[PDB]
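Residue numbers (the authors' numbering), protein chains in the order written: chain D, 177 to 351; chain A, 4 to 252, 270 to 305; chain B, 5 to 252, 270 to 305. Note that beta-carbon positions come from the ideal geometry of N, C-alpha and C, so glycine has one too. Working notes, beginning with the structure itself.
Laid out in structure tokens, this is it:
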């Protein structure tokens, strides 16, 4: 989306990663080298600069049957922040991830990794009593996405149950 | 008039089920009637006049349910080739309608009860007849939680939910009606039964609903509502003056604003506060 | 020696407020069983009456007592004899009682030109301060109908209707749960506080938080009245922060502190964030 938008037009992207372990740097370098003029941001100073930003676009991993979305880490916080400035937040997820799960019906769609991801093992005798933990995902409520970008075109944030009634067999939610 | 006495017998002969389903049962058992021997006047005008007579109660659900099974008989009570088996003998389609929306309570019990998060307490509103069975199926599947009830006070009705729940060994505490603002932070998510669901997505129910929803929005906590296939309606409120006055009655039932709810259940399934519109428009083609 | 003196003033005279009754009780109870010293008398007997008066479930009482002890602290001189420490310097307390009785007159004088005609009013349970300002508003030859709620730990709101129809305005009571049914009807929601705290929080009876959350739900301005007494010195955050002895089925809850819009007292009109500015001006 970004590099094809940059293929004719000009902008200035500013990017905070997601880092219990980082991978936003990979996109940062991957579109450092097609001439985009990115800034890579720490994952906390969003609120310092999102007052000055005017649009914000994230890409999730899977979106579910509330019209909602479990995304990568740190998306709920930046999404609520962007609601606080009322600037529109755009999910660029296709018609391919739409899933009949519902958030707290199941057992902890946030689930967890080895926290050596989030702790260096070299600190001493500190780690025995403490039970550190971190998830792989977040959860954003479906009131908060402004507009999908599917393949067929922009669709409503709550355009979802008819998508499931005539894009699935909704009797087969046995799975 | 001559058969509203049987509706009184159906309201106070088996007081477990709902009012609207007792009305549907009443009239469809009356379809062994004194033979009017016609399709047009009998069905259309006579069941219309029976909806007018049985709508003399202060219910909102009963008349809407009567119109709803009028639409559920408007499907294919056809002109099939002779006046022997049009509907007055081929009558079993309304019977299977009655059976489906009898087992609808059981399928709501099978669906919703695996959503309640164990540990966070859930304050409920006054006694419905679908909150009891979803809590029955929840505690039947070995959960742990707490539950409070507000009184919902024109009359004491929260202790009626207490005498409902306490018979099956589940902890509960009745809490003051105007003081739900104190207990709102204590709960994390809030379920409430329905007298009926509106096309905008809000609910209509006995009075103590909208302040629960707006305190839920202030605490940014999920507001949950539950309804069945009987309780759809065609009303449209904007601010509260426009529920009909015969459906108002110091309100005895009340509307809450449409989409500061967060999630909603029905017999068609768990759905979204704009999906309400298209999924009731699916009914009555 | 004074406990049924205080209860005589309390429930054989329901005219004045509880805080002003308590401060009249101890100000006339400077005629003490004579220990005749500055510090010890003060400390033990005033803290002792603030303890022994704790059979009631109010919150204005101990605050008014501590406000009086911060009153008496300031101009207490030293001039070589134990006669005019305060045992002769007692007319300061007399002028204090009359000025903070005249306080209710001056909030009536401040807010009589403040409710506009045509604006209907929804109100919570009773005070000895809502009626004086509303009848100093009616006595300016205005006109406005009023709604009021039930406020159920009891049949309460009927008392407010009986008081105010006798005070000649059209009154209509409503059920407690019917607030958002009729909140949008109102143009103005005024609230007599129980006790005002330094962040704009108003701890009060069981439904003023309802009024605030519905007021931000309607963006209609939410006005609270308090006198010079009942600035209590707690600090609340949430719904367990106020002490349990103030509560006891709860009986007191706590509204949010940052959403009320205009308050007013003896010292004039205050935006509800200047409450800390004047409370630092209090207790010396």
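Among the options, the one whose alpha carbon lies nearest that of residue i
i: residue 75 of chain B; options: B/97, B/220 and B/207; result: B/97
i: residue 209 of chain A; options: A/197, A/21, A/145 and A/302; result: A/197
i: residue 68 of chain B; options: B/290, B/231 and B/242; result: B/231
i: residue 144 of chain B; options: B/117, B/150, B/177 and B/151; result: B/117
i: residue 296 of chain D; options: D/244, D/239, D/197 and D/333; result: D/197
i: residue 241 of chain D; options: A/105, A/283 and A/303; result: A/283
i: residue 178 of chain B; options: B/244, B/87, B/271 and B/126; result: B/126
i: residue 161 of chain A; options: A/206, A/285 and A/175; result: A/175
i: residue 158 of chain A; options: A/207, A/211 and A/83; result: A/211
i: residue 71 of chain B; options: B/271, B/245 and B/199; result: B/199
i: residue 142 of chain A; options: A/241, A/153, A/115 and A/132; result: A/115
i: residue 303 of chain A; options: A/103, A/77, A/9 and A/149; result: A/77
i: residue 262 of chain D; options: D/229, D/284, D/249 and D/278; result: D/229
i: residue 195 of chain A; options: A/251, A/241, A/271 and A/135; result: A/135
i: residue 47 of chain B; options: B/19, B/155 and B/73; result: B/73
i: residue 236 of chain D; options: D/299, D/294 and D/250; result: D/250
i: residue 153 of chain A; options: B/30, B/248 and B/271; result: B/271
Within 8 Å, strictly: CB atoms of residue i and residue j
i: residue 257 of chain D; j: residue 217 of chain D; result: no
i: residue 233 of chain A; j: residue 24 of chain A; result: yes
i: residue 301 of chain A; j: residue 228 of chain A; result: no
i: residue 346 of chain D; j: residue 289 of chain A; result: yes
i: residue 130 of chain A; j: residue 181 of chain A; result: no
i: residue 146 of chain A; j: residue 113 of chain A; result: no
i: residue 202 of chain B; j: residue 273 of chain B; result: no
i: residue 322 of chain D; j: residue 234 of chain D; result: no
i: residue 62 of chain B; j: residue 105 of chain B; result: no
i: residue 192 of chain B; j: residue 119 of chain B; result: yes
i: residue 244 of chain D; j: residue 312 of chain D; result: no
i: residue 213 of chain B; j: residue 184 of chain A; result: yes
i: residue 188 of chain B; j: residue 243 of chain A; result: yes
i: residue 245 of chain B; j: residue 107 of chain B; result: no
i: residue 252 of chain D; j: residue 213 of chain D; result: no
i: residue 101 of chain B; j: residue 93 of chain B; result: no
i: residue 221 of chain B; j: residue 217 of chain A; result: yes
i: residue 238 of chain D; j: residue 275 of chain D; result: yes
i: residue 254 of chain D; j: residue 207 of chain D; result: no
i: residue 123 of chain B; j: residue 148 of chain B; result: yes
Within chain D, partners of residue i - CB distance below 7 Å
i: residue 290 of chain A; result: 278
i: residue 124 of chain A; result: Residues of chain D passing the Cβ test: none, with the nearest at roughly 15 Å.
i: residue 29 of chain A; result: Residues of chain D passing the Cβ test: none, with the nearest at roughly 32 Å.
The ligand ADP heavy atom lying under 7 Å from the CB of residue i
i: residue 289 of chain D; result: With respect to small molecules bound, the structure shown includes none, and the ligand ADP cannot be examined in it.
Closer than 7 Å at the beta carbon, the chain A residues around residue i
i: residue 326 of chain D; result: Within chain A, no residue comes near residue 326 of chain D; the closest Cβ sits about 17 Å away, beyond 7 Å.
i: residue 198 of chain B; result: Residues of chain A passing the Cβ test: none, with the nearest at roughly 14 Å.
i: residue 43 of chain B; result: Within 7 Å Cβ-Cβ: nothing; residue 43 of chain B doesn't reach chain A, min ~41 Å.
i: residue 281 of chain D; result: 117 and 118
Chain B contact residues for residue i, given Cβ-Cβ distances below 8 Å
i: residue 179 of chain A; result: 156, 157, 210, 270 and 271
i: residue 242 of chain A; result: 188
Burial state of residue i, where buried means 16 or more other Cβ atoms lie within 10 Å
i: residue 231 of chain D; result: exposed
i: residue 38 of chain B; result: exposed
i: residue 219 of chain B; result: buried
i: residue 190 of chain A; result: buried
i: residue 272 of chain D; result: exposed
i: residue 246 of chain D; result: buried
i: residue 289 of chain D; result: exposed
i: residue 275 of chain B; result: buried
i: residue 199 of chain D; result: exposed
i: residue 184 of chain D; result: exposed
i: residue 235 of chain B; result: buried
i: residue 239 of chain A; result: exposed
i: residue 169 of chain B; result: exposed
Cross-chain neighbours of residue i in chain A, by beta carbon under 8 Å
i: residue 172 of chain B; result: Correct list: empty, because the minimum Cβ distance to chain A is about 24 Å.
i: residue 242 of chain D; result: 283 and 292
i: residue 148 of chain D; result: In this structure chain D extends from 177 to 351, so residue 148 of chain D is not present and cannot be described.
i: residue 346 of chain D; result: 289
Interface residues of chain B facing residue i [CB-CB closer than 7 Å]
i: residue 217 of chain A; result: 184, 217, 218 and 221
i: residue 213 of chain A; result: 184
i: residue 274 of chain A; result: 185
Quick one: complete alpha helix (DSSP H) runs, 4+ long, within the region 6–85 of chain A?
7–14, 22–33, 50–57 and 64–74
Uninterrupted alpha helix (DSSP H) stretches inside the region 204–275 of chain D (no shorter than 4 residues)
222–225 and 251–260
Quick one: complete beta strand (DSSP E) runs, 3+ long, within the region 125–195 of chain A?
125–127, 150–153, 176–178 and 193–195
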